[PDB]
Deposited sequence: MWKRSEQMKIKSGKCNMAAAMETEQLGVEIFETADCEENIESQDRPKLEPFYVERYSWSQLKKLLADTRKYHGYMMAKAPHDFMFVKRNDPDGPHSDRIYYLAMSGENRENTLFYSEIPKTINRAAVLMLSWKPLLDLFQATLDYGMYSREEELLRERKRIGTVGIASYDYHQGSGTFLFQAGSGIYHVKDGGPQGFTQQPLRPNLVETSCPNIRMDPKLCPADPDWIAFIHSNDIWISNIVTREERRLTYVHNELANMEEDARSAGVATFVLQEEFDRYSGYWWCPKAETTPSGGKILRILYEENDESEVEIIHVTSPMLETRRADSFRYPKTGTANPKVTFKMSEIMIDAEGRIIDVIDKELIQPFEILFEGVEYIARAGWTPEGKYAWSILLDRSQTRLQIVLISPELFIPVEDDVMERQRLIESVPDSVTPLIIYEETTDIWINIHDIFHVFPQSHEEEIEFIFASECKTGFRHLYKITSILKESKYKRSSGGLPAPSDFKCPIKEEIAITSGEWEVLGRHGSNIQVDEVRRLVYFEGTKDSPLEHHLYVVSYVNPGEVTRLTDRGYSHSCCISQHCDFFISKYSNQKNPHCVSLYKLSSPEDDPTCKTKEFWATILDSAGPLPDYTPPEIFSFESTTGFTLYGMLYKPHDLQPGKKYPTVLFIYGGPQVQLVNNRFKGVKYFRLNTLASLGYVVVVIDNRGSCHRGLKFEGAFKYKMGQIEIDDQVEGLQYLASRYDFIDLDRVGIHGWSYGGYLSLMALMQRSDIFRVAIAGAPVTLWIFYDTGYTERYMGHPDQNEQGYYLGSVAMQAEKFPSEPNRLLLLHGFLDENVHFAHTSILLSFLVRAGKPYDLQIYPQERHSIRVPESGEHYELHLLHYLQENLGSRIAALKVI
């Protein structure tokens, strides 16, 4: 077995190669239809049952389209639904730019929309403008593009996070300079609701915001809004009504201020950021309520800002984070999912509007308002759970209509019982609490807890329900079923399932095996759409009609109705990887992907590149098309590199115990799994040259790339670390404390997990360590690299470095990505793959 040495191209030739191969992947990199919604035609004579609305990209911008769902189909042929544009043609700020980092939005245009069923009113942001159109309500259905109607404003700055009032579709709310405003889209009345922030002041002396999710909640809990409309209006005797907005008010005064380099490099300046680093203060939080009195003809009479009767820290003992919030369907209670600092205790807490009283600096008039609120009105902890690993926040929470006065019925999901995420139907009793506010004491920990009358497991087994990144449930309250996504058939594939929530038993899979599926179920529960792919085939989007057999409504079947997006088709350059697996000495089956070198010569061994992420909340190895985002792994295979990817312990879609393997110990176990899987492949496949292994990853992947070179220089010849964490004390509260705890309670884990404290352990040979980092990174600060370099210089160790001066924790400018790919490919050539690379040692 002699070594294969890759073709040694020049910098200009590699640029040409990469440019040519990028030229046939413009149509691949295009957003599939998403954010689907079904609206019934209610037209017996007409040929269509439903109209579906969705966001899609027809290099075009993201916009609203509709398609017509027929009542009947020609089952011989395949129906391709034509895309009708909903909107006519039209005539970034810092906060848009940051939100797009926090939401991980790579695409341009309309990101989302609201819809009010009763009126047909769409509300959506498009650039700076907030816009509305009407379709599918009492006013009927358009047969041509609608003109977007601008919501006019006197506000000077960007309006963010617009939401339609479900109680009245004439009203919207939005955030402007970190305060809540409302606007009427008919009358054009505009009103500021909160006076908490001053646009003219400096952030160093102006740290309060309202209706806004702060950095940690956007980055670590995927919560981007901080205010929630009450879904129902209270009628007044006058003939008007009261609209309500629950909102979060944040005070970031005690949160540390860091400086991130300003994008305009010519200014030689730096922007201030409230960044809660691990073990330091998170923002001081509380709930508030805006009470908005409207008259008979829609004009604002008054606005009363209201606060909790007692402090947040008293009423919600031990709570750091408001993870989620909303309202019950009738608007009687506001709900909230609350976490403690360690993120090992979750609480679902109902909050009545009667807990809020008007804001009053006058101590006399305030004391009258406190005593006017009854002692029976109190917070109701309807659910509480704990874990020795961590609470993974998700978006599953369904509240049923309130049937009895002193009961609430709901579906929630949890990993706390069995160690896998399953659905549970829960019924909680809303007792009058033991704590009485008149007595003048403080409430004990358990005084707001509700008794659990019923707790039925809807699903179970060694597999999880999916509740993140769009995955959710859909409840059919008529047939008493719940649709959900899960890993029951395979950890490598997501599938749509259905089950009864009254007498749970049979779980019916509604999607076909051999693909992974991301699904949307119609609100009417008679259709679902699946965005699906596999390792060989690019993503497709298809509509499926649901129905029951005549004899049994419980049982659910499906039938292909139409294609929304057809597969682009197998690309001739692209050879996909093979999924492999191996029984680890740790007791788990670990999955991987193998890209064999193209035109594999027998009796020859090839240089290997281990692409790695290896961190929580991600699974790289599954049955999906990897020819868009990981197209360059195939490019590496086409030049003669073996490419390997392994999902080590700690990765997701394998239950909480598997994910919990690296608790307190991040960086210590991951490379063992990677090397084990890499050694499994080498004994099985003699074409893997273990003398020439490279490792490469971004963020957590870059972190592990450094850990690999530090811990196992015997295995890994080169390490290319992209935007790595080199020091856990620099990273934030929400992430670090969840996985690693407080720094003082894990001194050794923080030490061992921080490569910058262990600079002496890196190799004394050069051409083995390449650091890459976006200069403007506000997530993984450039100081991770700068401080690592500082200690490498002190320890006499060599390094290579590439900065991307226009980038944050992402690559958005095309030239940056092109340079990165070019430099990486050239680095691997000169220091791992090529013939000159072998001579260089």
Residue ranges with no C-alpha coordinates, please: along the deposited sequence, counted from 1, in order. 1-47, 106-107, 141-147, 898
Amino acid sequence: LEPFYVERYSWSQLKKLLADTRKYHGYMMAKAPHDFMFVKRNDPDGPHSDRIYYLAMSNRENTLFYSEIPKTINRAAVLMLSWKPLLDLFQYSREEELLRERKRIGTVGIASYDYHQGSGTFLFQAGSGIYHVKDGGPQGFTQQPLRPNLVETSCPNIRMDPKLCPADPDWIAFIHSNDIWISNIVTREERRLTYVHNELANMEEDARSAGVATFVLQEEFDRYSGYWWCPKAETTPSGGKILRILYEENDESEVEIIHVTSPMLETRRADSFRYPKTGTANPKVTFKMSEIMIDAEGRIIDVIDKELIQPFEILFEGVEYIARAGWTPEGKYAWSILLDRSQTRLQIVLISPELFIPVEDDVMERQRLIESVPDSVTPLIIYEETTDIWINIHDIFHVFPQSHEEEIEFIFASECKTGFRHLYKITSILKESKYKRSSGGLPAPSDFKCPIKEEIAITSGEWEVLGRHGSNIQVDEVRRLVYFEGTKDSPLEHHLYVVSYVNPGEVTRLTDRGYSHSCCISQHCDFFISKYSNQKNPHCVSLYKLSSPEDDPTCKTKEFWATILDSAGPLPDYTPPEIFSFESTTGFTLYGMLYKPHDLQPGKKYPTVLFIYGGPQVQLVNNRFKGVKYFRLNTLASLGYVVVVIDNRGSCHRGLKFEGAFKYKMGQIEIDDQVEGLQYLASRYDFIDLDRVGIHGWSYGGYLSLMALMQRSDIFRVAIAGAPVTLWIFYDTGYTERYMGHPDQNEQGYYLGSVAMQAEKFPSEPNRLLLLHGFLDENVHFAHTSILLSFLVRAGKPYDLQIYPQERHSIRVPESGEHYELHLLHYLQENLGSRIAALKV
From here on, numbers count along this sequence of modelled residues.
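Only the largest set of C-alpha atoms that superpose within 1.5 Å between the two forms is called the rigid core.
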Following superposition on the rigid core, is the mean squared CA displacement, expressed as RMS, greater for 545-553 or for 485-493 in 8 other deposited structures of this protein? 545-553
After fitting on the rigid core, pick out whichever of 568-576 or 712-720 shows the bigger RMS C-alpha deviation in 8 other deposited structures of this protein. 568-576
Does residue 25 have no coordinates in at least a third of the other PDB entries examined? yes
Residue 325 dropped in a third or more of the other entries: no
Entry-level comparison of average CA B-factors, 664-672 and 680-688, reporting the higher stretch: 680-688
Using the B-factors recorded in the PDB entry, average over the C-alpha atoms of 822-830 and of 16-24, then report which stretch comes out higher. 16-24
Go through 278, 157, 202, 194 one by one and give the residue whose Cα B-factor in the PDB entry is largest. 202
Highest Cα B-factor in the PDB entry belongs to which of 614, 326, 237, 702? 237
Split the chain's modelled residues into thirds by Cα B-factor; residue 31 lands in the highest
Pull the Cα B-factor of residue 58 out of the PDB entry and bin it into the chain's lowest, middle or highest third. highest
Using the B-factors in the PDB entry, rank residue 814's C-alpha atom against the chain and give the third, lowest, middle or highest. middle
Going by the recorded CA B-factors, say which third of the chain residue 626 sits in, lowest, middle or highest. middle
Could you say whether, by C-alpha temperature factor, residue 68 belongs to the lowest, middle or highest third of its chain? middle
